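One structure is given below, encoded as structure tokens.
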Amino acid sequence: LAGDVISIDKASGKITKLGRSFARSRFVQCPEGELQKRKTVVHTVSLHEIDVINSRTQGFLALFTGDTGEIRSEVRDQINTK
Amino acid sequence: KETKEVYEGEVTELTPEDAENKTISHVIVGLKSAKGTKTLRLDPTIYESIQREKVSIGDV
Amino acid sequence: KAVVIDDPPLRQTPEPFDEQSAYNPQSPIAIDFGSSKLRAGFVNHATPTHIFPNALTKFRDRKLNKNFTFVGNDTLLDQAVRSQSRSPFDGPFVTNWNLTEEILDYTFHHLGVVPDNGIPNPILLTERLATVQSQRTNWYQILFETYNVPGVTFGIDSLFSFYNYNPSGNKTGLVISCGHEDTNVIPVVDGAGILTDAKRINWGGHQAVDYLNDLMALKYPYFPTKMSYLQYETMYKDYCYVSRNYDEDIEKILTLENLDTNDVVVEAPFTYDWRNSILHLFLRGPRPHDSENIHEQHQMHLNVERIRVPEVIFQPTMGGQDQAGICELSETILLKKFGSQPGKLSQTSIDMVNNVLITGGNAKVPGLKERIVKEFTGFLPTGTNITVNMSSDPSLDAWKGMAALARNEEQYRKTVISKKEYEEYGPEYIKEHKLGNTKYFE
Amino acid sequence: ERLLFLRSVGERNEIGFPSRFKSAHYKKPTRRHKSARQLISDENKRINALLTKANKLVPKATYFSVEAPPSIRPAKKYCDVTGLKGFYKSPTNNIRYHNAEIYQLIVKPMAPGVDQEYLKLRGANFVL
């Protein structure tokens with residue numbers, strides 16, 4: 001609606017509602033200028049997550065449900081070389 | 001020992017020729033990069049994979 | 001790196017006029033009614049004898065009858081008569097015909113031709129593409145019953161340029177002209193300019209200097225002095241070039257390491273960090289602004305966007321004209337016409353690709369050739385050999401087209417119209433020879 | 001002394017009212033300056049008249065038919081005051097600007113009647 005503060009990802013087409021702005025009629029202050037800004041996000045991923053991901057029989061849901069089921073050695077050596 | 005041959009570039013044209021015998025016989029797809037352009041002749045299965053990826057005109 | 005100033009002045013010509021009394025009463029006259037430059041000369045000479053800016057002044061002098069110093073570089077002899085000089089040639093075509101008669105009378109004085117009846121020689125005329133019929137009837141009048149010429153033919157000057165660098169007259173090629181006022185692309189098959197297939201762009205070079213004037217006026221609304229339009233052409237001819245690719249350059253064109261070599265500053269005649277501020281870099285370049293200095297108030301910091309004024313030929317949308325650029329015209333001509341399809345070039349299209357000629361007064365800008373060959377190899381299939389040709393003077397080659405058709409006599413008889421055919425058919429008649437205009441209908 | 005030089009090149013130049021390079025049976029009929037836009041207008045009227053008396057005959061090559069058509073790919077948007085990539089356009093005066101410094105220093109303090117002057121260069125001087 002009018003008065004919302006949202007974040008638009010252009011590449012993935014993902015919109016996230018940060019919250020309603022300061023209109024009296026959740027409240028978050030209006031963001032600063034210079035839209036289409038460059039943002040750098042540093043990601044730290046453990047090697048176990050890459051081992052579960054690269055094993056095609058295990059999705060990333062095995063990282064949360066905890067059912068990995070004896071990940072084989074060849075996917076691990078592929079990850080180590082990569 | 002295997003060879004890897006690949007095609008990169010922009011979809012300028014995508015003309016699926018039906019030639020029924022509801023089923024497309026082949027699709028003629030033209031690709032284009034900075035160094036030039038090249039036209040390809042493709043089977044039904046690559047056409048079904050193209051429709052899987054939602055490829056339109058102008059997609060790399 | 002110290003700042004250097006650049007002066008914008010053009011001096012005057014102290015020796016405007018010269019002619020020779022001897023002439024040949026059988027040799028025809030080669031003429032080029034150029035918008036930027038009128039070119040004149042004989043047949044036997046390889047280069048045009050007289051080059052003139054196609055402009056006149058009616059200089060008014062008290063006590064001496066107020067009609068003096070009409071046509072030529074004598075207009076460039078004084079700055080005042082240069083400022084009042086009126087080129088009669090309008091957008092399409094000229095407006096003031098007796099003014100043109102003054103130009104033709106002046107050059108007929110300057111070939112030294114002693115008058116025999118009206119004119120004892122054939123006249124070799126240049127003419128813009130797809131001419132309005134009233135314009136050609138006025139041409140027929142001003143030639144035949146005003147000057148009594150035995151024979152006049154007129155055609156597109158770039159087509160004569162195409163013939164000049166391929167004199168067999170049956171080659172297949174593509175010609176792209178960039179003239180003073182309009183620019184156009186003409187496909188040629190078997191030496192015949194197929195004029196149903198050509199396209200014309202309403203930009204030229206006149207509108208390029210107009211665009212440069214408008215951008216330089218809007219960039220500095222509070223400039224103290226006013227800068228002349230001749231100085232605008234001096235600035236355009238001096239500091240302008242075409243990018244290899246416009247799309248990645250403009251992000252880098254205000255980067256700080258670029259402005260050291262990109263930016264050159266012009267001096268007009270007279271008698272909150274800056275690295276963060278992109279307006280400071282746009283307006284005043286890579287040296288800090290001195291707001292007190294009378295040099296800096298008269299300093300013209302251009303070359304921040306020197307690429308933008310030549311680049312509007314390839315994209316007329318920044319010019320306001322809703323016409324596709326030269327690249328799209330080349331796409332349609334070379335991949336959709338003369339039996340060629342995308343992915344399969346016909347043989348005529350491959351021969352047109354093999355011979356590409358560019359010409360005109362607006363081709364003197366550097367960087368056009370590499371941009372043209374890269375844009376051409378962008379869409380052509382791989383292995384298609386592209387050969388593009390440039391002149392030493394792309395503007396002067398239409399006169400050599402005149403000399404080439406004057407040499408080739410068996411082709412010259414086909415183009416030449418006569419007085420008898422003009423009186424028999426009326427002014428609504430044009431010979432459909434291949435190196436010239438065609439009929440409006442089939 | 002400078003004026004007498006211009007007169008000197010003048011008497012090197014002049015031709016009298018009966019000109020030597022003349023057909024000897026011509027003079028000047030009525031001649032007025034007719035507008036080039038008016039020339040395009042009545043050329044259009046003449047082809048419209050010829051086509052309307054012809055159909056009741058496609059033109060092979062006219063001034064209108066040799067005019068280039070509009071492009072088929074989308075045109076790239078540029079900043080109206082700086083010439084760079086115009087990511088944003090102002091909703092008030094419809095001026096494409098580059099970034100925040102440009103907007104707050106030029107576009108917001110822009111005087112009325114010059115935004116149409118900026119849009120004239122792009123050929124969208126809507127105001128008529």
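Residues in the structure tokens are numbered from 1 in each chain, the chains being A, B, ... in the order shown, and ligands are numbered from 1 in the order shown.
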Report the closest atom pair, with its distance in Å rounded to one decimal, for each residue of chain A that has an atom no farther than 10 Å from chain D; count only C-alpha atoms, sort by chain and then rising residue number, and write it as CSV.
residue,atom,partner,partner_atom,distance
A:33,CA,D:100,CA,6.7
A:34,CA,D:100,CA,5.6
A:35,CA,D:99,CA,8.2
A:36,CA,D:87,CA,8.4
May I have the residues within 9 Å of residue 9 of chain B as an mmCIF file with N, CA and C atoms, in the first residue's frame, using only C-alpha atoms and disregarding those fewer than 5 positions away in the same chain?
data_model
loop_
_atom_site.group_PDB
_atom_site.id
_atom_site.type_symbol
_atom_site.label_atom_id
_atom_site.label_comp_id
_atom_site.auth_asym_id
_atom_site.auth_seq_id
_atom_site.Cartn_x
_atom_site.Cartn_y
_atom_site.Cartn_z
ATOM 1 N N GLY B 30 18.365 -19.398 -33.449
ATOM 2 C CA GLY B 30 19.546 -18.637 -33.809
ATOM 3 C C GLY B 30 20.121 -17.937 -32.590
ATOM 4 N N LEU B 31 21.414 -18.136 -32.373
ATOM 5 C CA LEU B 31 22.125 -17.559 -31.246
ATOM 6 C C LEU B 31 23.000 -16.417 -31.742
ATOM 7 N N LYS B 32 23.386 -15.528 -30.830
ATOM 8 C CA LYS B 32 24.127 -14.336 -31.225
ATOM 9 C C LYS B 32 24.980 -13.838 -30.071
ATOM 10 N N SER B 33 26.262 -13.602 -30.339
ATOM 11 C CA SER B 33 27.182 -13.041 -29.364
ATOM 12 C C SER B 33 27.876 -11.833 -29.975
ATOM 13 N N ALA B 34 28.932 -11.375 -29.302
ATOM 14 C CA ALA B 34 29.676 -10.215 -29.783
ATOM 15 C C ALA B 34 30.502 -10.547 -31.020
ATOM 16 N N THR B 37 27.013 -14.439 -35.041
ATOM 17 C CA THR B 37 25.797 -15.203 -34.826
ATOM 18 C C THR B 37 25.898 -16.552 -35.525
ATOM 19 N N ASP B 59 16.880 -13.971 -24.503
ATOM 20 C CA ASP B 59 17.483 -14.545 -23.310
ATOM 21 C C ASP B 59 18.817 -15.183 -23.668
ATOM 22 N N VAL B 60 19.838 -14.931 -22.856
ATOM 23 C CA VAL B 60 21.099 -15.634 -23.037
ATOM 24 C C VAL B 60 20.954 -17.050 -22.501
#
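The residues of chain A that DSSP assigns to strand (DSSP E) on this backbone come out as residues 4, 5, 6, 7, 8, 9, 14, 15, 16, 17, 18, 19 and 20 of chain A.
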- Task: Just the residues within 10 Å of residue 25 of chain B, please, counting only C-alpha atoms, with nothing from its chain fewer than 2 positions along; format it as a PyMOL selection string.
- Result: chain B and resi 16-23+27+42-44
- Which of segment 1-54 of chain A fall in helix (DSSP H, G or I), as a VMD selection string: chain A and resid 47 to 54
- Using only C-alpha atoms, find the residues of chain D whose closest atom to chain C is at most 6 Å away, then write them as a ChimeraX atom specification. /D:10,21-23,26,33,59-63,66-71,84,122-123
- Shortest contact to chain D, candidates B:26, B:49, B:12, B:35, atoms counted only C-alpha atoms, goes to B:12
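Interatomic distance, atom CA of residue 85 of chain C against atom CA of residue 66 of chain C: 15.1 Å.
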Using only C-alpha atoms, determine which residues lie at most 10 Å from segment 363-374 of chain C, disregarding the query and same-chain residues fewer than 3 positions distant; provide the list as a PDB file with N, CA, C and O atoms, in the first residue's frame.
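Now in result23.pdb:
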ATOM      1  N   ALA B  34      28.932 -11.375 -29.302  1.00  0.00           N
ATOM      2  CA  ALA B  34      29.676 -10.215 -29.783  1.00  0.00           C
ATOM      3  C   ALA B  34      30.502 -10.547 -31.020  1.00  0.00           C
ATOM      4  O   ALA B  34      30.704  -9.691 -31.887  1.00  0.00           O
ATOM      5  N   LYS B  35      31.009 -11.778 -31.111  1.00  0.00           N
ATOM      6  CA  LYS B  35      31.839 -12.155 -32.248  1.00  0.00           C
ATOM      7  C   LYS B  35      31.033 -12.609 -33.455  1.00  0.00           C
ATOM      8  O   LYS B  35      31.622 -12.865 -34.507  1.00  0.00           O
ATOM      9  N   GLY B  36      29.720 -12.743 -33.327  1.00  0.00           N
ATOM     10  CA  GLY B  36      28.908 -13.085 -34.476  1.00  0.00           C
ATOM     11  C   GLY B  36      27.659 -13.827 -34.052  1.00  0.00           C
ATOM     12  O   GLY B  36      27.297 -13.853 -32.875  1.00  0.00           O
TER      13      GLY B  36
ATOM     14  N   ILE C 176      26.986   4.375 -47.151  1.00  0.00           N
ATOM     15  CA  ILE C 176      26.421   5.132 -46.037  1.00  0.00           C
ATOM     16  C   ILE C 176      27.018   6.528 -46.077  1.00  0.00           C
ATOM     17  O   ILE C 176      28.218   6.701 -45.842  1.00  0.00           O
ATOM     18  N   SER C 177      26.185   7.522 -46.348  1.00  0.00           N
ATOM     19  CA  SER C 177      26.625   8.905 -46.410  1.00  0.00           C
ATOM     20  C   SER C 177      26.271   9.588 -45.105  1.00  0.00           C
ATOM     21  O   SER C 177      25.216   9.314 -44.529  1.00  0.00           O
ATOM     22  N   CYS C 178      27.153  10.466 -44.641  1.00  0.00           N
ATOM     23  CA  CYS C 178      26.872  11.362 -43.527  1.00  0.00           C
ATOM     24  C   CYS C 178      27.152  12.776 -44.023  1.00  0.00           C
ATOM     25  O   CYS C 178      28.275  13.275 -43.938  1.00  0.00           O
ATOM     26  N   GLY C 179      26.115  13.410 -44.565  1.00  0.00           N
ATOM     27  CA  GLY C 179      26.237  14.731 -45.133  1.00  0.00           C
ATOM     28  C   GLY C 179      26.127  15.822 -44.095  1.00  0.00           C
ATOM     29  O   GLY C 179      26.183  15.591 -42.888  1.00  0.00           O
ATOM     30  N   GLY C 205      24.782  16.938 -39.829  1.00  0.00           N
ATOM     31  CA  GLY C 205      25.807  17.598 -39.039  1.00  0.00           C
ATOM     32  C   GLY C 205      25.374  18.955 -38.521  1.00  0.00           C
ATOM     33  O   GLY C 205      25.878  19.425 -37.494  1.00  0.00           O
ATOM     34  N   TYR C 236      33.598  21.380 -32.530  1.00  0.00           N
ATOM     35  CA  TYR C 236      33.092  20.066 -32.924  1.00  0.00           C
ATOM     36  C   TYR C 236      34.113  19.305 -33.761  1.00  0.00           C
ATOM     37  O   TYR C 236      34.326  18.105 -33.558  1.00  0.00           O
ATOM     38  N   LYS C 237      34.740  19.986 -34.724  1.00  0.00           N
ATOM     39  CA  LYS C 237      35.720  19.329 -35.583  1.00  0.00           C
ATOM     40  C   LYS C 237      36.994  19.011 -34.820  1.00  0.00           C
ATOM     41  O   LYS C 237      37.686  18.035 -35.135  1.00  0.00           O
ATOM     42  N   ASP C 238      37.322  19.822 -33.814  1.00  0.00           N
ATOM     43  CA  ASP C 238      38.564  19.602 -33.088  1.00  0.00           C
ATOM     44  C   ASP C 238      38.433  18.449 -32.098  1.00  0.00           C
ATOM     45  O   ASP C 238      39.161  17.455 -32.192  1.00  0.00           O
ATOM     46  N   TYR C 239      37.509  18.558 -31.134  1.00  0.00           N
ATOM     47  CA  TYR C 239      37.432  17.624 -29.994  1.00  0.00           C
ATOM     48  C   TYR C 239      36.105  16.868 -30.045  1.00  0.00           C
ATOM     49  O   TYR C 239      35.139  17.256 -29.387  1.00  0.00           O
ATOM     50  N   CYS C 240      36.085  15.764 -30.794  1.00  0.00           N
ATOM     51  CA  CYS C 240      34.948  14.853 -30.876  1.00  0.00           C
ATOM     52  C   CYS C 240      35.438  13.532 -31.452  1.00  0.00           C
ATOM     53  O   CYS C 240      36.218  13.530 -32.406  1.00  0.00           O
ATOM     54  N   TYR C 241      34.975  12.420 -30.878  1.00  0.00           N
ATOM     55  CA  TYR C 241      35.222  11.116 -31.483  1.00  0.00           C
ATOM     56  C   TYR C 241      34.127  10.144 -31.065  1.00  0.00           C
ATOM     57  O   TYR C 241      33.343  10.412 -30.155  1.00  0.00           O
ATOM     58  N   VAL C 242      34.076   9.019 -31.775  1.00  0.00           N
ATOM     59  CA  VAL C 242      33.031   8.016 -31.610  1.00  0.00           C
ATOM     60  C   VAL C 242      33.570   6.881 -30.749  1.00  0.00           C
ATOM     61  O   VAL C 242      34.691   6.409 -30.965  1.00  0.00           O
ATOM     62  N   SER C 243      32.778   6.450 -29.767  1.00  0.00           N
ATOM     63  CA  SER C 243      33.198   5.361 -28.893  1.00  0.00           C
ATOM     64  C   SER C 243      33.194   4.029 -29.629  1.00  0.00           C
ATOM     65  O   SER C 243      32.432   3.814 -30.574  1.00  0.00           O
ATOM     66  N   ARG C 244      34.068   3.130 -29.174  1.00  0.00           N
ATOM     67  CA  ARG C 244      34.032   1.750 -29.640  1.00  0.00           C
ATOM     68  C   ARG C 244      32.741   1.069 -29.210  1.00  0.00           C
ATOM     69  O   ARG C 244      32.137   0.316 -29.982  1.00  0.00           O
ATOM     70  N   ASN C 245      32.301   1.331 -27.983  1.00  0.00           N
ATOM     71  CA  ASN C 245      30.997   0.903 -27.497  1.00  0.00           C
ATOM     72  C   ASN C 245      30.536   1.925 -26.473  1.00  0.00           C
ATOM     73  O   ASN C 245      31.250   2.199 -25.507  1.00  0.00           O
ATOM     74  N   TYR C 246      29.350   2.489 -26.689  1.00  0.00           N
ATOM     75  CA  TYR C 246      28.869   3.573 -25.842  1.00  0.00           C
ATOM     76  C   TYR C 246      28.415   3.072 -24.480  1.00  0.00           C
ATOM     77  O   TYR C 246      28.398   3.841 -23.515  1.00  0.00           O
ATOM     78  N   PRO C 310      28.654  12.913 -31.150  1.00  0.00           N
ATOM     79  CA  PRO C 310      28.704  12.054 -32.347  1.00  0.00           C
ATOM     80  C   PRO C 310      27.840  10.810 -32.252  1.00  0.00           C
ATOM     81  O   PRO C 310      27.402  10.296 -33.289  1.00  0.00           O
ATOM     82  N   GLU C 311      27.565  10.315 -31.042  1.00  0.00           N
ATOM     83  CA  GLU C 311      26.908   9.024 -30.863  1.00  0.00           C
ATOM     84  C   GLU C 311      25.433   9.053 -31.236  1.00  0.00           C
ATOM     85  O   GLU C 311      24.822   7.992 -31.388  1.00  0.00           O
ATOM     86  N   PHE C 314      24.115   6.962 -34.394  1.00  0.00           N
ATOM     87  CA  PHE C 314      23.753   5.561 -34.217  1.00  0.00           C
ATOM     88  C   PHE C 314      22.454   5.412 -33.439  1.00  0.00           C
ATOM     89  O   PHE C 314      21.796   4.372 -33.535  1.00  0.00           O
ATOM     90  N   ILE C 326      21.693   3.780 -37.601  1.00  0.00           N
ATOM     91  CA  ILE C 326      22.407   3.201 -38.737  1.00  0.00           C
ATOM     92  C   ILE C 326      22.547   1.691 -38.583  1.00  0.00           C
ATOM     93  O   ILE C 326      22.423   0.941 -39.564  1.00  0.00           O
ATOM     94  N   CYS C 327      22.738   1.224 -37.346  1.00  0.00           N
ATOM     95  CA  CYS C 327      22.888  -0.203 -37.081  1.00  0.00           C
ATOM     96  C   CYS C 327      21.614  -0.974 -37.408  1.00  0.00           C
ATOM     97  O   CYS C 327      21.670  -2.027 -38.047  1.00  0.00           O
ATOM     98  N   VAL C 356      31.752  -1.972 -48.539  1.00  0.00           N
ATOM     99  CA  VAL C 356      31.017  -0.944 -47.814  1.00  0.00           C
ATOM    100  C   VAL C 356      31.808   0.349 -47.911  1.00  0.00           C
ATOM    101  O   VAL C 356      32.981   0.393 -47.528  1.00  0.00           O
ATOM    102  N   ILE C 358      31.816   4.458 -46.916  1.00  0.00           N
ATOM    103  CA  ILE C 358      31.267   5.575 -46.162  1.00  0.00           C
ATOM    104  C   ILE C 358      31.926   6.854 -46.658  1.00  0.00           C
ATOM    105  O   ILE C 358      33.098   6.847 -47.055  1.00  0.00           O
ATOM    106  N   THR C 359      31.143   7.931 -46.704  1.00  0.00           N
ATOM    107  CA  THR C 359      31.554   9.178 -47.329  1.00  0.00           C
ATOM    108  C   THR C 359      30.738  10.320 -46.738  1.00  0.00           C
ATOM    109  O   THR C 359      29.777  10.102 -45.992  1.00  0.00           O
ATOM    110  N   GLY C 360      31.118  11.541 -47.079  1.00  0.00           N
ATOM    111  CA  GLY C 360      30.379  12.706 -46.646  1.00  0.00           C
ATOM    112  C   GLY C 360      31.226  13.635 -45.785  1.00  0.00           C
ATOM    113  O   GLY C 360      32.342  13.315 -45.374  1.00  0.00           O
ATOM    114  N   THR C 377      30.047  -6.650 -37.376  1.00  0.00           N
ATOM    115  CA  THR C 377      30.377  -8.024 -37.020  1.00  0.00           C
ATOM    116  C   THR C 377      29.632  -8.473 -35.770  1.00  0.00           C
ATOM    117  O   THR C 377      29.703  -9.647 -35.396  1.00  0.00           O
ATOM    118  N   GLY C 378      28.929  -7.549 -35.106  1.00  0.00           N
ATOM    119  CA  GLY C 378      28.041  -7.939 -34.024  1.00  0.00           C
ATOM    120  C   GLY C 378      26.884  -8.818 -34.470  1.00  0.00           C
ATOM    121  O   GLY C 378      26.513  -9.763 -33.773  1.00  0.00           O
ATOM    122  N   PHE C 379      26.289  -8.517 -35.626  1.00  0.00           N
ATOM    123  CA  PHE C 379      25.114  -9.267 -36.057  1.00  0.00           C
ATOM    124  C   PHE C 379      25.353 -10.168 -37.263  1.00  0.00           C
ATOM    125  O   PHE C 379      24.508 -11.025 -37.541  1.00  0.00           O
ATOM    126  N   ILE C 386      34.208  -8.647 -43.703  1.00  0.00           N
ATOM    127  CA  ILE C 386      33.684  -7.289 -43.741  1.00  0.00           C
ATOM    128  C   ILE C 386      34.816  -6.362 -44.158  1.00  0.00           C
ATOM    129  O   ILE C 386      35.871  -6.343 -43.516  1.00  0.00           O
ATOM    130  N   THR C 387      34.602  -5.601 -45.228  1.00  0.00           N
ATOM    131  CA  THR C 387      35.605  -4.655 -45.705  1.00  0.00           C
ATOM    132  C   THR C 387      34.944  -3.300 -45.881  1.00  0.00           C
ATOM    133  O   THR C 387      34.049  -3.148 -46.716  1.00  0.00           O
ATOM    134  N   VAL C 388      35.383  -2.323 -45.090  1.00  0.00           N
ATOM    135  CA  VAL C 388      34.829  -0.975 -45.090  1.00  0.00           C
ATOM    136  C   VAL C 388      35.919  -0.009 -45.529  1.00  0.00           C
ATOM    137  O   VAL C 388      37.072  -0.124 -45.098  1.00  0.00           O
ATOM    138  N   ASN C 389      35.561   0.929 -46.401  1.00  0.00           N
ATOM    139  CA  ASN C 389      36.520   1.803 -47.052  1.00  0.00           C
ATOM    140  C   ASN C 389      36.272   3.256 -46.668  1.00  0.00           C
ATOM    141  O   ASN C 389      35.125   3.689 -46.530  1.00  0.00           O
ATOM    142  N   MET C 390      37.361   3.995 -46.486  1.00  0.00           N
ATOM    143  CA  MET C 390      37.342   5.413 -46.162  1.00  0.00           C
ATOM    144  C   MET C 390      38.191   6.175 -47.170  1.00  0.00           C
ATOM    145  O   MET C 390      39.163   5.649 -47.717  1.00  0.00           O
ATOM    146  N   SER C 391      37.817   7.429 -47.400  1.00  0.00           N
ATOM    147  CA  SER C 391      38.547   8.327 -48.282  1.00  0.00           C
ATOM    148  C   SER C 391      39.606   9.105 -47.511  1.00  0.00           C
ATOM    149  O   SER C 391      39.674   9.077 -46.282  1.00  0.00           O
ATOM    150  N   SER C 392      40.459   9.801 -48.260  1.00  0.00           N
ATOM    151  CA  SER C 392      41.271  10.840 -47.641  1.00  0.00           C
ATOM    152  C   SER C 392      40.406  12.041 -47.286  1.00  0.00           C
ATOM    153  O   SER C 392      40.501  12.588 -46.181  1.00  0.00           O
ATOM    154  N   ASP C 393      39.559  12.466 -48.218  1.00  0.00           N
ATOM    155  CA  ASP C 393      38.515  13.457 -47.967  1.00  0.00           C
ATOM    156  C   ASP C 393      37.196  12.840 -48.391  1.00  0.00           C
ATOM    157  O   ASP C 393      36.901  12.781 -49.598  1.00  0.00           O
ATOM    158  N   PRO C 394      36.394  12.335 -47.456  1.00  0.00           N
ATOM    159  CA  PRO C 394      35.082  11.777 -47.829  1.00  0.00           C
ATOM    160  C   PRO C 394      34.106  12.785 -48.419  1.00  0.00           C
ATOM    161  O   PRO C 394      33.173  12.378 -49.123  1.00  0.00           O
ATOM    162  N   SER C 395      34.265  14.080 -48.138  1.00  0.00           N
ATOM    163  CA  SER C 395      33.370  15.079 -48.708  1.00  0.00           C
ATOM    164  C   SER C 395      33.682  15.377 -50.167  1.00  0.00           C
ATOM    165  O   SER C 395      32.761  15.651 -50.941  1.00  0.00           O
TER     166      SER C 395
END
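Going from atom CA of residue 312 of chain C to atom CA of residue 125 of chain D covers 18.2 Å.
Near chain B, counting only C-alpha atoms at 10 Å, the chain C residues are residues 342, 343, 344, 374, 375, 376, 377, 378, 379, 380, 381, 382, 383 and 384 of chain C.
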Can you write just those residues out, C-alpha atoms, as a JSON list (two decimals), in the first residue's frame?
[["chain", "number", "residue", "atom", "x", "y", "z"],
["C", 342, "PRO", "CA", 18.46, -14.23, -40.54],
["C", 343, "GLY", "CA", 20.84, -17.16, -40.56],
["C", 344, "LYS", "CA", 21.18, -17.41, -44.36],
["C", 374, "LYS", "CA", 32.39, -3.85, -34.75],
["C", 375, "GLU", "CA", 28.66, -3.12, -35.03],
["C", 376, "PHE", "CA", 28.60, -4.95, -38.37],
["C", 377, "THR", "CA", 30.38, -8.02, -37.02],
["C", 378, "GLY", "CA", 28.04, -7.94, -34.02],
["C", 379, "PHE", "CA", 25.11, -9.27, -36.06],
["C", 380, "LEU", "CA", 26.67, -10.85, -39.15],
["C", 381, "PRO", "CA", 27.41, -14.61, -39.08],
["C", 382, "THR", "CA", 30.92, -15.71, -38.22],
["C", 383, "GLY", "CA", 33.30, -15.93, -41.15],
["C", 384, "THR", "CA", 31.50, -13.23, -43.14]]
- Contacts of residue 154 of chain C within 6 Å, only C-alpha atoms, excl. fewer than 6 positions in-chain, as a list in words: residues 125, 126 and 127 of chain C
- In Å to one decimal, how far is atom CA of residue 55 of chain C from atom CA of residue 87 of chain C? 4.3 Å
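Proximity to residue 48 of chain C at 8 Å, evaluated using only C-alpha atoms and with sequence-adjacent residues fewer than 2 positions away removed, yields residues 39, 40, 41, 42, 45, 46, 50, 51, 396, 399 and 400 of chain C.
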Would you output that residue set with C-alpha atoms, as a PDB file, in the first residue's frame?
ATOM      1  CA  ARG C  39      32.585  22.587 -55.038  1.00  0.00           C
ATOM      2  CA  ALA C  40      33.342  23.651 -58.624  1.00  0.00           C
ATOM      3  CA  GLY C  41      35.708  22.748 -61.441  1.00  0.00           C
ATOM      4  CA  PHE C  42      36.249  21.439 -64.956  1.00  0.00           C
ATOM      5  CA  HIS C  45      41.210  18.189 -63.673  1.00  0.00           C
ATOM      6  CA  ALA C  46      41.268  15.400 -61.093  1.00  0.00           C
ATOM      7  CA  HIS C  50      36.975  25.929 -56.508  1.00  0.00           C
ATOM      8  CA  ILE C  51      35.756  25.078 -53.006  1.00  0.00           C
ATOM      9  CA  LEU C 396      35.405  15.744 -51.876  1.00  0.00           C
ATOM     10  CA  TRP C 399      33.226  15.765 -57.365  1.00  0.00           C
ATOM     11  CA  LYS C 400      35.418  12.837 -58.409  1.00  0.00           C
TER      12      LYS C 400
END
Find the spatial neighbours of residue 193 of chain C, counting only C-alpha atoms, within a cut-off of 7 Å - ignore same-chain residues fewer than 5 positions away - and output them as a CSV table (one decimal) with N, CA and C atoms, in the first residue's frame.
chain,number,residue,atom,x,y,z
C,186,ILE,N,22.1,3.7,-48.5
C,186,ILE,CA,21.6,3.3,-49.8
C,186,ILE,C,22.2,1.9,-50.1
C,187,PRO,N,21.4,0.9,-50.3
C,187,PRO,CA,21.9,-0.4,-50.9
C,187,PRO,C,22.0,-0.3,-52.4
C,188,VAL,N,23.1,-0.9,-52.9
C,188,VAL,CA,23.3,-0.9,-54.4
C,188,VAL,C,23.4,-2.4,-54.8
C,434,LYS,N,20.6,4.4,-63.6
C,434,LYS,CA,20.8,3.7,-62.3
C,434,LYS,C,21.5,4.5,-61.3
C,435,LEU,N,22.3,5.5,-61.7
C,435,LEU,CA,23.1,6.3,-60.8
C,435,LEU,C,22.3,7.6,-60.6
